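*Asks:* give me the fold of what follows.
(2 chains)
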Amino acid sequence: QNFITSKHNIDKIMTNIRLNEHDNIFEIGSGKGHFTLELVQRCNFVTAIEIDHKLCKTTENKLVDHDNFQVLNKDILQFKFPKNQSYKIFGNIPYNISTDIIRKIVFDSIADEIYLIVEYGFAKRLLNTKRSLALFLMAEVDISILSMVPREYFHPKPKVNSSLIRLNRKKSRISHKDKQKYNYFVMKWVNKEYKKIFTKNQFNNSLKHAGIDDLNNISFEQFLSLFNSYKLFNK
RNA sequence: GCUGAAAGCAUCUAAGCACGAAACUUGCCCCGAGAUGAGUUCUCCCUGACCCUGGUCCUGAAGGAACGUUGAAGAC
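*Replies:* Residues are numbered from 1 along each chain as shown, chains lettered A, B, ... in the order given. The protein structure is shown below:
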């Protein structure tokens, strides 16, 4: 359900989709072929993965005019990628896949540019720094909200407005060496037990060293500085 | 970081020294010997008889406790 059919809506959505000709594009949903039909002409190669056999066949006979694609169904939960291929990966809209496809795109792949259509709640929640999954997400990639998708766009019109989000990778840090410490850092931070990670000298002087005014509103860069101070204090 | 071989160079170290993190312990203030590992110092008081060899008598110290007038001490 919830498919976008109007070609005007498809064009207006693709207005924010920045895919180039020399990119292979992988997937997470073909739908009724409204978007993959334009996708096969925009980019070089398309990997159409669909969990519905009908939908696979309707994409096939909708795309018989093109040979620059291939279709392959490996439950997204188990599918895998060309660790040695540069690929903008475009995908679709899932149920919730709780850091399930998120891990597939930030932890189980080297995807350089990712586009999602999500529910406005997940657009605003997962952005906030009060959730740990956000912290492991911001560990090496960045998010930008390109646009908000109206709810009537889809065909069993949903109840909640959607939004378009963009993922790009900016890593180089706890790589593999202080990762187990970064994980040790995050869960103790989000669960708010300070004594396990700081005494009181450190807990107070780190905030002023990081320029912290209120603990109820935190940005990312000063959290990074706080983690650097933690590493300095704990060798 | 200085010197220096091990190991004809070299090097903060193997011999030594000098530093050094809004980090640690002290340096500031308070509780604290039920710390059963129960600590230390100063001062004061008790120097009878009998039978028996467990029974009586005489003696009541230093201090504490209780009552009253009460507190800028306090729910009791």
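*Asks:* verify the stated contact: residue A:71 with residue A:58.
*Replies:* No: with contact taken as Cβ atoms under 8 Å, residue A:71 and residue A:58 are classed as non-touching, separated by 11.1 Å. (Each C-beta comes from the backbone N, C-alpha and C, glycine too.)
*Asks:* contact residues of chain A facing RNA strand B?
*Replies:* Among all residues of chain A, those adjacent to RNA strand B (criterion: Cβ under 7 Å from any atom of the strand) are A:199, A:201, A:202, A:205, A:206, A:208, A:209, A:229, A:232, A:233, A:235.
*Asks:* and with 10 Å instead?
*Replies:* Contact residues, chain A versus RNA strand B (Cβ under 10 Å from any atom of the strand): A:198-210, A:225-226, A:228-235.
*Asks:* mark which of the residues you listed are buried, thanks.
*Replies:* A:198, A:202, A:206, A:207, A:210, A:226, A:229, A:230 (16 or more other Cβ atoms under 10 Å).
*Asks:* the fourth one falls within a helix, correct?
*Replies:* Spelled out, that is residue A:207. Yes: counting by DSSP: H, G, I helix; E, B strand; the rest coil, one finds residue A:207 located in a helix.
*Asks:* quick one, domains of chain A?
*Replies:* Annotated domains of chain A cover A:1-125+A:140-171, A:126-139+A:172-235 [CATH domains of a matching chain].
*Asks:* out of the ones you listed, deepest packed?
*Replies:* Per residue and on average, the most neighbours among these fall to domain A:1-125+A:140-171, with a mean of 15 (mean count of other Cβ atoms under 10 Å).
*Asks:* distance between the ends of it?
*Replies:* 36 Å (Cα to Cα, to the nearest Å).
*Asks:* measure stretch A:196-213 end to end?
*Replies:* Note: stretch A:196-213 ends 22 Å apart using Cα to Cα.
*Asks:* how about residue A:150: what's its closest non-neighbour residue?
*Replies:* Spatially, and ignoring its direct neighbours in sequence, residue A:150 is nearest to residue A:161 (6.3 Å; Cβ to Cβ, 6 or more residues apart in numbering).
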